[PDB]
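Asker: Sequence, then the experimental structure. Questions to follow.
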Amino acid sequence: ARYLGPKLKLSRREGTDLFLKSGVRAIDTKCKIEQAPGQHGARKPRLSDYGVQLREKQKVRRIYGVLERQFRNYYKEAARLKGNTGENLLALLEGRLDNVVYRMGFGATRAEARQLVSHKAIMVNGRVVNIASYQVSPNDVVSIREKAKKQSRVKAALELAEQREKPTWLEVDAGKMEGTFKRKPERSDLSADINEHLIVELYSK
Amino acid sequence: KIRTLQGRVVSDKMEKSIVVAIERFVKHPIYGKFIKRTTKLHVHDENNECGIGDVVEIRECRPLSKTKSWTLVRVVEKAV
Amino acid sequence: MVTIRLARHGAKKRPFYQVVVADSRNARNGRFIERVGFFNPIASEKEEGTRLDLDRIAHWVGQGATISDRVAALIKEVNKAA
Amino acid sequence: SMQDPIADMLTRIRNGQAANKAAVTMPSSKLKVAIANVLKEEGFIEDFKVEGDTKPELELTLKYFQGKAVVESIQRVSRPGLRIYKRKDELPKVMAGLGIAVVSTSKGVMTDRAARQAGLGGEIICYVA
Amino acid sequence: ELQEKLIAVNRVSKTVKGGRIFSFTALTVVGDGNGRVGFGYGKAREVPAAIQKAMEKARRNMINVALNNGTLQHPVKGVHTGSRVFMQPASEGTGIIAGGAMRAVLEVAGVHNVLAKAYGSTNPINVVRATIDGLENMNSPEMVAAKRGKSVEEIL
Amino acid sequence: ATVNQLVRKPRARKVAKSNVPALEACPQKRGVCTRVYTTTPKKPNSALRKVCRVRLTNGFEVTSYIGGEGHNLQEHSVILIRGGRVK
RNA sequence: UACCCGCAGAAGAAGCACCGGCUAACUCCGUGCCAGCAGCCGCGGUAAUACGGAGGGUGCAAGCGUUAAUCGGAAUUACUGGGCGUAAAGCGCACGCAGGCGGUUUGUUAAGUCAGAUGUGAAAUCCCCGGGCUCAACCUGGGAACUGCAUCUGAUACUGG
RNA sequence: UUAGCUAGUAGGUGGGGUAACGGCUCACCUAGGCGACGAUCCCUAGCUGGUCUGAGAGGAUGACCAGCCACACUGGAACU
Ligand SMILES: [Mg+2]
């Protein structure tokens, strides 16, 4: 129930950055960033209205690695809630446990953040949480437990967090390798390449 | 005070029994039109005293007959 | 006749009981009479485990109700704790 | 023939707007005045002039704005073949409340937003927008 | 800043003694994201050529539409040539709910959260003419305050 | 469309039937092969469509298209049909 | 049993469907109205993006497809929310009962109608706010709701009497 | 393209009967009773909370949980 294929092949499909590797080696030095994979990947078609709504939703899933049914459950939850549904939807996406570990930069990629939660190396409010898709409540702490603090892939990811923009809604520590979920973020606190007014309409035919 | 009803004296031929029809005036559950709907009842009169074509006032009583569980209380405007 | 017994309402291996006024000839899925409270044997900490209207119960024993074994135990032990 | 004076009235209002007339007259009724004394108050006509002794005749003054009309819509909700009785909660909002709905309740004739503040429903006559 | 969307690519024909002269036709709409929008139906002998005539029609002859913040102000319906189309404001954060040409014409109209439904003919020429007519006569609370000689709070 | 006519007579919503009645609202039904043969189709296409006349469970005698290319079908053989018309 | 530590290696653990348009995703080769394909329009009559194979790609996922079965889309029975000059559709007209419908004005009545209040509308379910299981599914607390009906107190504009 | 249906039927009086009221049963009177607001007859069917769909209106639906009902080889009958 995971994607296991080539990561940058998905980047070549959507054509934009998906942050799927550590960014140490330059991304364009690993793939033609503006050719879709395979034979007929150079020629850009007159892409239709249906496709760009699909490609937008296929972007956001492949941003966070979320399969369709479980992603649809987020849509059902966000539609049940109040206000802007896409802002509610992104909050659910930011509510993911394996997201915040990448947002705290403890794992270099989200999949490198996910394996840690899979291999039980995390403590949330002092409690180990095996589920990567767990929804993070506000004002909680996410601490590396002391079995796998000594992994070299932890502290090298901390430097990659220094390379990235530091998020705002995360009171993150370094010496204890812990953090604190301050508050929920905004639409504005995330990127602008994700349209609110498309992923709603795709699931509202 | 009592749960009483009125209606139209339809038949008075059979002895100690009159047939009274009652208009219930009800909305249609879909179309919303108010319909005159008719509920007839066999009412035990005494005395066979009711004129045909009359407004009576009735009351629910204990079961008088096989088809009759209704007894009048009084009569308004007996004439034709 | 009128009973007050324990009614399994929960998942497998984790029981939860609606201790209600019911009938001693009816069943657990089926007919109760009045819902007078609940009980969790897996009542953890920081949560109540037995919230019963202990005065309408006295109304029905006044009408001659029948009280089960744990129900007689737990109404005592609530009053032996509250 | 004559199945309603009210539906006669609203259509005579409706056809007078497009005819760009300044005065629409008709025989008057007690219910007609009770409606015509709302739309002046609600600002959809300018003047009504009830006159007539043997038979009262209501004469209206149509309100025109920037050349064109004011009455953008005028309808009938409770028709004589199908009556409408809605409670205080099911009172509508004509043009999202920008227009008005004429309701007659036991407290005479008023608008719906007054009837909500009156807190009592009744018979919805027409929609004016 | 006037964003532009083509609507229809289409191939009609005249018939002569020699045969059939195919001609490509195109429907477009422009709009600024504010309450200014204009459609354009162009026609030429060529697909990238008739669209420019369709745009040039649409760049002229605009219409001024009283929007609300991100939506309509009150629901209204729209008709042109058997193409009865109802539309409706919605709550914030729900997107445009419409199909066909109506998705395009509201997006260049700069609304963001609507409800809409087409009845009858879904012919994209006359279905967008019905959208415009409903958006055209949709009026402000401020205007009907001035039309009725009142204020906003004298309406609420 | 007058509501008095609507009162005296309700709107008769039209009742639709199945085009595949022999299954009698089942997903698949067992059948027995009666005759296996070919059939020329109608005008726009020209082929020999392999097809079998089938005795069913409920005694119905129907025809059902053999999909694919090539088969090992005999008469007096137990088969299973899913539906779908051939145009 | 729940849960807790050791152990060992990337180890033992991914597949269906699809690419003519409809609808996201194409080339090559076989094939020649044959073999076939097919939800619809429709493809194959030697150069097939529609057949078959390959490559590549799209969609999902421990499942993926097909069939069955119900609503939706379908306003395609149109209460909400249709039409009848010629696209289906106004009886060949007239009469007329039941029927439905009713000018104006005053009182009366309070039936309808509206308002209020009691009773009931079991629980479950759904909704809302919570809680509990590592989360989720699930369980569960409280609430709202159960659009009603009965009764009582009004109300009097309209519709009735 | 089911229009007439009913003789204990319908009512009364009296007697009997049942825990209970009542053609419940019987006797004797009366001729009534029902139906075009669908009686009658035919076809199909356990019913509701609910479930599924639908924006709603509605539509379909009654496995699982409930509430009720009916049945227990078939047809019968009482017994306790
Ligand atoms: Mg929202």
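Answerer: Thanks, I have it. Numbering: from 1, shown residues only, chains lettered A, B, ... in the order given.
Asker: Packing partners of the helix or strand where residue F:63 lies?
Answerer: Here residue F:63, judged by DSSP states H and E, is contained in strand F:61-65. With contacts defined as 3 or more CB pairs under 8 Å, 6 or more residues apart in numbering or on different chains; DSSP states H and E, strand F:61-65 has these neighbours: strand F:29-39, strand F:49-56, strand F:78-81. For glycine as for every other residue, the C-beta is placed from the backbone atoms N, C-alpha and C.
Asker: Beta-bridge partners for whichever residue of chain D sits closest to chain F, please?
Answerer: Taking CB to the nearest CB, chain F has its nearest neighbour within chain D at residue D:82, 6.0 Å off. Taking DSSP bridges as the rule, residue D:82 bridges to residue D:79.
Asker: what residues are up against it?
Answerer: With contact taken as CB atoms under 8 Å, 6 or more residues apart in numbering or on different chains, residue D:82 is in contact with B:32-33, F:3.
Asker: For the strand holding residue F:63, what is the distance to the chain centroid?
Answerer: Centre-to-centre, strand F:61-65 and its host chain are 7 Å apart (CA atoms, centre = their mean, to the nearest Å).
Asker: For it, which residues meet the burial criterion?
Answerer: F:62, F:64 (16 or more other CB atoms under 10 Å in any protein chain shown).
Asker: what comes into contact with it?
Answerer: F:22, F:31, F:34, F:49-56, F:79, F:81, F:84, F:86.
Asker: Would you tell me which one of the helices and strands packed on strand F:61-65 is buried the most?
Answerer: Greatest average neighbour count among the helices and strands packed on strand F:61-65 goes to strand F:49-56 (a mean of 17), per mean count of other CB atoms under 10 Å in any protein chain shown.
Asker: Who are the packing partners of that strand?
Answerer: strand F:29-39, strand F:61-65, strand F:78-81.
Asker: Partner strands of that strand and their direction?
Answerer: Strand F:49-56 is paired, per DSSP bridges, with strand F:29-39 (antiparallel), strand F:61-65 (antiparallel).
Asker: The longest one: how far from the chain's middle?
Answerer: In this case it means strand F:29-39. 12 Å.
Asker: Just the strands from the chain, written as ranges.
Answerer: Going with chain A. Assigned by DSSP state E, chain A shows strands spanning A:122-124, A:142-144, A:170-172, A:179-181.
Asker: that's the other chain; I wanted chain E
Answerer: E:3-15, E:20-31, E:36-44, E:63-64, E:76-78, E:85-89, E:96-97, E:114-118.
Asker: Nearest to residue C:7 among the helices and strands packed on strand F:49-56 would be which one?
Answerer: Closest to residue C:7 of these, according to CB to CB: strand F:29-39, at 45.4 Å.
Asker: Can you tell me what sits against the closest one?
Answerer: F:22-23, F:48-58, F:61-62, F:64, F:66, F:73-81.
Asker: Give me the buried positions along the one helix or strand residue B:37 maps to.
Answerer: Per DSSP H and E: residue B:37 is located in strand B:34-43. When neighbours are counted by 16+ other CB under 10 Å, the buried residues of strand B:34-43 are found to be B:41-43.
Asker: Next one: residue A:194 relative to residue F:54, how far apart?
Answerer: To residue F:54, residue A:194 is 55 Å away according to CB to CB, to the nearest Å.
Asker: ok, now residue E:17?
Answerer: 58 Å.
Asker: and if you look at residue E:61?
Answerer: On the measure of CB to CB, residue E:61 and residue F:54 end up 66 Å apart.
Asker: now swap in residue A:98 and tell me
Answerer: Relative to residue F:54, and taking CB to CB, residue A:98 is found at 55 Å.
Asker: cool, residue E:124 as well?
Answerer: 48 Å.
Asker: can you check residue D:5 too?
Answerer: 73 Å.
Asker: And stretch E:67-86, what's buried?
Answerer: For stretch E:67-86, the neighbour count (16+ other CB under 10 Å) marks E:67, E:70-76, E:78-80, E:83, E:85-86 as buried.
Asker: scratch that, stretch E:122-139
Answerer: Buried residues in stretch E:122-139 (16+ other CB under 10 Å): E:123-135, E:138-139.
Asker: wait, does that stretch contact chain A?
Answerer: No. Stretch E:122-139 does not reach chain A (CB under 8 Å from any CB of the partner chain); its nearest approach is 13.4 Å.
Asker: now stretch C:30-44
Answerer: No. Shown here: stretch C:30-44 not in contact with chain A (CB under 8 Å from any CB), separated by at least 14.3 Å.
Asker: and the residue nearest to residue D:88 when sequence neighbours are not counted, how many neighbours?
Answerer: Computed as CB to CB, 6 or more residues apart in numbering or on different chains, the closest residue to residue D:88 that is not its neighbour in sequence is residue D:121, at 3.9 Å. The tally of other residues near residue D:121 (other CB atoms under 10 Å in any protein chain shown) stands at 19.
Asker: give the contact list for residue D:121.
Answerer: Applying CB under 8 Å, 6+ apart, the residues contacting residue D:121 are D:85-91, D:103, D:105, D:115.
Asker: Can you tell me which of those residues is closest to the ion?
Answerer: The ion lies nearest to residue D:89 out of the contacts of residue D:121, by CB to the ion, at 26.3 Å.
Asker: give the contact list for that closest one.
Answerer: residue D:121.
Asker: one more time with 10 Å, if that's ok
Answerer: Residue D:89 makes contacts with D:116, D:119, D:121, as judged by CB atoms under 10 Å, 6 or more residues apart in numbering or on different chains.
Asker: Which members of those residues are positioned in helices?
Answerer: residue D:116 (DSSP state H).
Asker: shouldn't residue A:35 be in contact with residue A:15?
Answerer: Yes. The pair residue A:35 and residue A:15 qualifies as a contact (CB atoms under 10 Å) at a distance of 9.3 Å.
Asker: which neighbours do these two share?
Answerer: Contacts common to residue A:35 and residue A:15, judged by CB under 10 Å, 6+ apart, are residue A:44.
Asker: what does chain B put close to chain F?
Answerer: B:28, B:30-33, B:35 (CB under 10 Å from any CB of the partner chain).
Asker: If we use 8 Å, what do you get?
Answerer: B:28, B:31, B:33, B:35.
Asker: Let me know the closest of the residues you listed to RNA strand H.
Answerer: Taking CB to the nearest atom of the strand as the measure, RNA strand H sits nearest to residue B:35 out of the residues of chain B next to chain F, at 7.7 Å.
Asker: That closest one reaches residue B:29, doesn't it?
Answerer: No. Judged on CB atoms under 8 Å, residue B:35 makes no contact with residue B:29 at a distance of 10.5 Å.
Asker: residues near residue D:93, how many?
Answerer: 14.
Asker: Repeat that for the one 5 residues further on.
Answerer: Residue D:98 is surrounded by 21 other residues when neighbours are defined as other CB under 10 Å.
Asker: ok, and the closest non-adjacent residue to the most centrally placed residue in chain F?
Answerer: Residue closest to the mean C-alpha point of chain F, counted by CA atoms, centre = their mean, is residue F:20 at 4.5 Å. Using CB to CB, 6+ apart and skipping the chain neighbours, the partner closest in space to residue F:20 is residue F:83 (4.8 Å).
Asker: where does that neighbour land in three-state SS?
Answerer: coil (DSSP: H, G, I helix; E, B strand; the rest coil).
Asker: What count of nearby residues applies to residue C:34?
Answerer: Counted with other CB under 10 Å, residues neighbouring residue C:34 total 13.
Asker: Show the contacting residues for the residue nearest to it when sequence neighbours are not counted.
Answerer: What sits nearest to residue C:34 in space, not counting adjacent residues and going by CB to CB, 6+ apart, is residue C:21, at 4.3 Å. By CB under 8 Å, 6+ apart, the contact set of residue C:21 is C:2-4, C:32-36, C:57, C:60, C:65.
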